[PDB]
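Peer 1: There's a structure below that I have some questions on.
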Amino acid sequence: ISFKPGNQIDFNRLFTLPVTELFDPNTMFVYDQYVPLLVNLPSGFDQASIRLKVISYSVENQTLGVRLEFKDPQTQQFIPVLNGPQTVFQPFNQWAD
Amino acid sequence: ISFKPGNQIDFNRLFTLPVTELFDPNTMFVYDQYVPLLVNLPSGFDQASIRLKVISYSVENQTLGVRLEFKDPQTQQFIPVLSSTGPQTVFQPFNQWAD
Amino acid sequence: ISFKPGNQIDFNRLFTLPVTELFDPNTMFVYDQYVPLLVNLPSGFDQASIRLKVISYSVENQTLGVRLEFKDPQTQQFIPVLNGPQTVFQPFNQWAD
Amino acid sequence: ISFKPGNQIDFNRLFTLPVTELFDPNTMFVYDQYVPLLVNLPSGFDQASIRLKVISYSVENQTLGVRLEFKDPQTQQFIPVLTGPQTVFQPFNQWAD
Amino acid sequence: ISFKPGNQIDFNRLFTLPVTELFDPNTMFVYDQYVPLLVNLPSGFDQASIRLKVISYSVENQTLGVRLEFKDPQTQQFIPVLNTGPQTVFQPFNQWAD
Amino acid sequence: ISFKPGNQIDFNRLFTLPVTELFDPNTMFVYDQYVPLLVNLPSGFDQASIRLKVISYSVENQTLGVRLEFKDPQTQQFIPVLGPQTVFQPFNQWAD
Amino acid sequence: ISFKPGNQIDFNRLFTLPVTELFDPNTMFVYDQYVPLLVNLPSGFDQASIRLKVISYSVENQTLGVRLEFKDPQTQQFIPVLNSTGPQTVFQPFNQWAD
Amino acid sequence: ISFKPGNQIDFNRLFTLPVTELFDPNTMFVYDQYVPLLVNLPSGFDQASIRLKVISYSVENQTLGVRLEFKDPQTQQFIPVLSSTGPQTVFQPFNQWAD
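Protein chains in written order, with the entry's author numbering: chain F, 32 to 114, 119 to 132; chain D, 32 to 113, 116 to 132; chain X, 32 to 114, 119 to 132; chain C, 32 to 113, 118 to 132; chain A, 32 to 114, 118 to 132; chain B, 32 to 113, 119 to 132; chain G, 32 to 114, 117 to 132; chain E, 32 to 113, 116 to 132.
Here you go:
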C-alpha cells in the first residue's frame, strides 16, 4: 500500500584512493581506468583522445598537479588542452582542517 | 499544428529483481551486469575495474550490504578500498511496495 | 559503521489528477497551482507572468492541448505567443490498454 | 601558473535533522521550510498549494510515512490525492550499526 | 569587447526515425544502436546483457510497445522480466501532428 | 497492463518573444519577469540583487547585448559582473 | 531552413569575487545574496531559513571555512546544525588562476 | 573535523578550439573525437553510429552549420536524417570573447 523508494549508491561513497596511487610512476600519466574519475567527461567521449600527465602532487593536501592533453586529429600528437602543473585539484573528498 | 513530445523510458520502469538474484551465492559477488544498476558510476568509467562483495542481505527488506573492491593497476588483483569487517553501505536497490 | 543513503521523493510518485481537474472550464485556463507541474519553468521564473489556455482535451487518453499566454509588462494584459494548440501531451503517467 | 577549480557545496553535506524535528507534533504536518528538502519540487511550484501529513515515523530507522494533500482550486480546502501513508522513506543519509 | 556564450546541440534536434526503422522486422528486436535512445541507461551499463522486444507498433501514432529481456547471468540465456503484452507503450520521438 | 509515460513540457516549446519586448525602452533594463529566462539562476537566488542593462539589440538576428549588474551588499549600488559585456540570442530561431 | 538554438547567460560561471568580499566583516556571516551561489540549494528551498557563519578564510588559497545555521521553526531563532569547534566545511567557492 | 570537497576537472569548460580545427577539410566531417563535445549524446550511445557533416562555417562568428548522418543497421552505410541542401543546425560550439 506504501511506496518505498530504492537507491543507487554514488561512487564517491564507496571509492577513494591516496593521490600517489592514481598514476603510473614509470610513465607519470594517470592510469587510464582513473581518467573518468578525475575528469567529468561528456557521454560517449573517446578517452583514447586524452591523457593526464602528473607534474606534481601533495600527500598533505591530497592534490594532483596535472597537464591535461588531447590528441590533435591533424598531427596525431598529444598537445596541452590549456594553451609546470597546469591544473591543480583535489580528486576526492577529504576530512581534515 | 501541435507539438507532441516523445519519451525515453527510465530503466527502473522496466527492470526489477529480488536482492537474492543480484549476486552469485557461491562467490558472494554481485553479478557484473548489475554493478552499473546498483552504483552510480561516473561517465565513461569502466565497470571491469571494480566488483561488489555482498556482506549481508535481507529478503524481508530487499536490501544489500556491500563492500567495493577495485583492480590494483600494478598487480591486476582485486583489493578492498582502504572496512576490515562489515559492509561499507546498506541500501535497497529497487523501489518496493509493501508498508 | 554502514552508510544508508537517504531519499527525496519525486513529486510524480505522490501526485496525479484527471485532466478535467487541471483547468477551470469557465475560463479554459489551467489553474495557476498546476502550471509549474505541466511546464518545466526556468529556475526563478514567476508563474504569475504566464497562463495556459486549454484548446483541447481527451478523457479517454488523459491528454491536454495547450497554448501559452504571457502578461504584457506595459499593458498588464495577457497576450498569446504568436509564431489550434501549440502542444498536445499526457501530463501524468497512465496504466491502460 | 596553475588553474585551481572552485566548488559549490551540496546542501546535504551541511544539513541533517532527526525525523521528529521535521514536523509539528500537534498537527502532524511537515514544517513548511522542510517540504522542499523531502520532496523534489518542480521549478516555481507554489508550496502554499500542498502540505505533507505525517502518518507514521520511526526513530530507530529515521524514516517518515507521509501522505500529500493539495489545495482544491474551487473550495480552497486541502484534500488527499488518493488509510496509511503514500510513501515511507528515509529523508537524510544515516550511518548505522 | 563582448562575451558570446557557446552551446552544445541536443541530440533530439538532429535525429528522428519512423518507428518501423527502429527494429529488425525478422526478429522483432530493437537494433542495438537505438536501445540507448529509447531507454535511459545507467552510466557504464553493459548493453549486451539486455534486449528490447517489439510487441506492437503504430505507424499512425509513431508509438512502440516494448518488453525488456535480460541475459540470465548463470545460464547466459535471455529471459523476460517477471512475466503477454508490452511492458510499456510510448512515442520515442517528438512529432508534429494536425 | 502497459505503462504509458507522461510528460512535462519544456518552456522553450511554448514561449518565445521578439527581443524588443524583453526590456522597458524608457530605462533600457530587461523587465524583471524575463531576467530568469535570459540568465540561468541558481536555486533560491534573490533576483532583486541583479539587473540586466540592454546596450544593443538586433531585430534581424534576434540578439541582445546586455550588461549584467549586481548590487554591492556593502554599499547598495549596482556594479557590472565582469559596449556590451554579453551578446546572446535568448530564444531558438529558424533562419537562412 | 536552419535551426539556431537560443542560450542563457550562465550566472555562476561568470560571477567571481575575492573571498573577503563574500561576508560581512562585522557579523562574520556570508551576505544573504551570495548564499545560493556558494551552496547548491534544493528547488524551492527558502534561503531566508539559513545562514552561513564564516569561521576561517584564506586570502592566499581563496577558501572559506563555514558553519551552517538554520532558523528553528518553533523558536524562530538561528541554531547551528549539530548531529562546536571549527568549520563544518572548508572550500574554494570560485575558480582560481594562482602562481 | 572539516569537510573538504573533492572536484573533477570539467573537460567541456576547459576545452576550446577555433571552428576550422573541428573538422577534416578534405571530407568536411567533424573529427570523430569532437562529436560528443558538440552534441549532448544519450547515456551509452555509440558515437561510431553517427557523423556530423559540415555544410557551412564562419571564422568571424566561430559557428558551424551541420547535418547529422547515421549508420543504417542493415547496409552499414551512412545515410542523412530526413534531399536537403542546407544545414540542420547553425551553432557556436564554444564561448567567445570576440569584438
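Beta carbons are placed, not taken as given, at the ideal position from N, Cα and C, and that holds for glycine.
Quick one, which of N57(B), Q108(B), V112(B) has its alpha-carbon nearest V97(B)'s?
Peer 2: Here residue 97(B) refers to the residue found at position 66 when the sixth sequence is read from its first residue. When each option's Cα is compared against that of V97(B), the closest is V112(B).
Peer 1: Mind checking if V123(C) is an interface residue toward chain F, Cβ cutoff 7 Å exclusive?
Peer 2: Translated into the one-based positions of the fourth sequence, residue 123(C) becomes position 88. Interface residue, yes.
Peer 1: Pick helix, strand or coil for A131(C), following the three-state DSSP scheme.
Peer 2: Walking along the fourth sequence from the start, residue 131(C) turns up at place 96. Strand at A131(C).
Peer 1: Does the distance from the C-beta atom of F124(C) to that of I40(X) stay below 7 Å?
Peer 2: By one-based count along the fourth sequence, residue 124(C) stands at place 89. By one-based count along the third sequence, residue 40(X) stands at place 9. Yes. Within cutoff.
Peer 1: Would you check if the region 59-79 of chain D and the region 41-56 of chain E touch, i.e. whether three or more CB-CB distances between them fall below 8 Å?
Peer 2: No: the two stretches stay apart, fewer than three of their Cβ pairs being nearer than 8 Å.
Peer 1: Pull up the distance between the alpha-carbon of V70(B) and that of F42(G), whole angstroms please.
Peer 2: Residue numbering aside, residue 70(B) sits at position 39 when the sixth sequence is read from its first letter. Residue numbering aside, residue 42(G) sits at position 11 when the seventh sequence is read from its first letter. If you take the alpha carbons of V70(B) and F42(G), they lie about 6 Å apart.
Peer 1: Output the distance between the C-alpha atoms of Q78(X) and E100(X), rounded to the nearest integer angstrom.
Peer 2: By 1-based counting over the third sequence, the position of residue 78(X) is 47. By 1-based counting over the third sequence, the position of residue 100(X) is 69. Going by the C-alpha atoms only, they are around 11 Å apart.
Peer 1: Which residues of chain C have a Cβ atom closer than 8 Å to the Cβ of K35(F), listed in chain order?
Peer 2: Counted from its first residue, the first sequence places residue 35(F) at position 4. The contacting residues are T122, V123, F124.
Peer 1: If you check the beta carbons only, do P73(B) and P67(G) fall under 7 Å apart?
Peer 2: Taking the first residue of the sixth sequence as position 1, residue 73(B) is located at position 42. Taking the first residue of the seventh sequence as position 1, residue 67(G) is located at position 36. In contact: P73(B) and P67(G) (Cβ atoms closer than 7 Å).
Peer 1: With 7 Å set as the bound, which would you pick, yes or no: does the beta-carbon of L99(D) sit closer than that to a beta-carbon of chain F?
Peer 2: On the second sequence, position 68 is the one that residue 99(D) refers to. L99(D) counts as touching chain F.
Peer 1: Relative to chain G, which residues along the region 46-63 of chain C have a C-beta separation below 7 Å, given in chain order?
Peer 2: For the region 46-63 of chain C, which is checked against every Cβ of chain G, the residues closer than 7 Å are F46, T47, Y62.
Peer 1: With a CB to CB cut of under 8 Å and the five nearest residues on each side skipped, what residues in its chain are close to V90(B)?
Peer 2: The sequence position of residue 90(B) within the sixth sequence is 59, counting from 1. Excluding sequence neighbours, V90(B) sits near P49, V50, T51.
Peer 1: In three-state DSSP terms, what is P67(D)?
Peer 2: Within the second sequence, residue 67(D) is the residue found at index 36, counting from 1. Helix at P67(D).
Peer 1: Quick one: does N38(E) have its CB under 7 Å from some CB of chain F?
Peer 2: Residue 38(E) sits at position 7 when you count from the first residue of the eighth sequence. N38(E) counts as touching chain F.
Peer 1: Quick one: what's got a C-beta closer than 7 Å to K84(G)'s C-beta in the same chain, skipping five residues either side?
Peer 2: What you label residue 84(G) is simply residue 53 of the seventh sequence in a count that begins at 1. These residues qualify, in order along the chain: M59, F60, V97, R98, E100.
Peer 1: Among the candidates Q129(E), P36(E), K35(E), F46(E), whose CA atom is the shortest distance from the CA of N114(F)?
Peer 2: Position 83 of the first sequence, counting from 1, holds the residue named residue 114(F). Nearest option by C-alpha distance: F46(E).
Peer 1: If you follow the alpha helix (DSSP H) that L45(G) is part of, which residue opens it and which one closes it?
Peer 2: Taking the first residue of the seventh sequence as position 1, residue 45(G) is located at position 14. Where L45(G) is concerned, the enclosing alpha helix (DSSP H) stretches over 42-45.
Peer 1: Which residues in chain D sit within 7 Å of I32(X), going by Cβ to Cβ distance?
Peer 2: In the third sequence, the residue the question calls residue 32(X) occupies position 1. Those within 7 Å of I32(X) in chain D are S116, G119.
Peer 1: With DSSP as the reference, label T106(E) as helix, strand or coil.
Peer 2: The sequence position of residue 106(E) within the eighth sequence is 75, counting from 1. Reduced to three states, the DSSP call for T106(E) is coil.
Peer 1: Starting from the beta carbon of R44(F), find every residue of chain X whose beta carbon is closer than 9 Å, and list them in chain order.
Peer 2: As a first step, residue 44(F) must be located in the first sequence, where it is residue number 13. By Cβ distance, chain X contributes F34, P36.
Peer 1: If you measure between the beta carbons of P120(A) and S80(A), is that distance less than 7 Å?
Peer 2: By 1-based counting over the fifth sequence, the position of residue 120(A) is 86. By 1-based counting over the fifth sequence, the position of residue 80(A) is 49. Cβ atoms of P120(A) and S80(A): not closer than 7 Å.
Peer 1: Hey, is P67(D)'s beta-carbon within less than 7 Å of any beta-carbon in chain A?
Peer 2: Looking up residue 67(D) in the second sequence gives position 36. Yes, because at least one Cβ of chain A sits closer than 7 Å to the Cβ of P67(D).
Peer 1: By Cβ distance, which residues of its chain are closer than 7 Å to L95(D), with the 5 residues on each side in sequence left out?
Peer 2: Translated into positions along the second sequence, residue 95(D) becomes position 64. Here the set comprises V50, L53, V85, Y88, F124, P126.
Peer 1: Between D132(D) and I32(F), what straight-line distance do the alpha-carbon atoms span, to the nearest angstrom?
Peer 2: By 1-based counting over the second sequence, the position of residue 132(D) is 99. By 1-based counting over the first sequence, the position of residue 32(F) is 1. If I take the Cα positions, the gap works out to 6 Å.
Peer 1: Taking Cβ-Cβ distances below 7 Å as the criterion, which residues of the region 81-95 of chain X are in contact with chain B?
Peer 2: Per Cβ criterion, the list is empty.
Peer 1: Restricting to Cα atoms, I'd like to know which of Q93(D), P36(D), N57(D), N38(D) is closest to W130(D).
Peer 2: Taking the first residue of the second sequence as 1, we reach residue 130(D) at position 97. Checking every option, the nearest Cα to that of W130(D) belongs to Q93(D).
Peer 1: Beta strand (DSSP E) containing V123(F): first to last residue?
Peer 2: Residue 123(F) sits at position 88 when you count from the first residue of the first sequence. It spans 122-124 - the beta strand (DSSP E) in which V123(F) sits, taken as one unbroken run.
Peer 1: Less than 6 Å between the CB of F101(G) and some heavy atom of the ligand ZN, yes or no?
Peer 2: Because no ligand of any kind appears in the structure shown, any question about the ligand ZN cannot be addressed here.
Peer 1: Distance check for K102(X) and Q108(X), CA to CA, integer angstroms please.
Peer 2: For the purposes of this step, residue 108(X) is taken as residue 77 along the third sequence, with counting starting at 1. For the purposes of this step, residue 102(X) is taken as residue 71 along the third sequence, with counting starting at 1. C-alpha separation (whole angstroms): 5 Å.
Peer 1: Give a yes or no on whether 7 Å exceeds the smallest Cβ distance from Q129(X) to chain C.
Peer 2: Here residue 129(X) corresponds to residue number 94 of the third sequence, with the count starting at 1. Closer than 7 Å: no.
Peer 1: Buried or exposed: which applies to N57(B), given that a residue is buried once 16 or more other Cβ atoms fall within 10 Å of its Cβ?
Peer 2: Residue numbering aside, residue 57(B) sits at position 26 when the sixth sequence is read from its first letter. With fewer than 16 other Cβ atoms within 10 Å, it is exposed.
Peer 1: Are there 16 or more other CB atoms within 10 angstroms of the CB of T122(D), so buried, or fewer, so exposed?
Peer 2: Looking up residue 122(D) in the second sequence gives position 89. That one is buried.
Peer 1: Can you find a C-beta in chain X that's less than 7 Å from the C-beta of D77(B)?
Peer 2: On the sixth sequence, position 46 is the one that residue 77(B) refers to. Not one chain X Cβ lies under 7 Å of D77(B).
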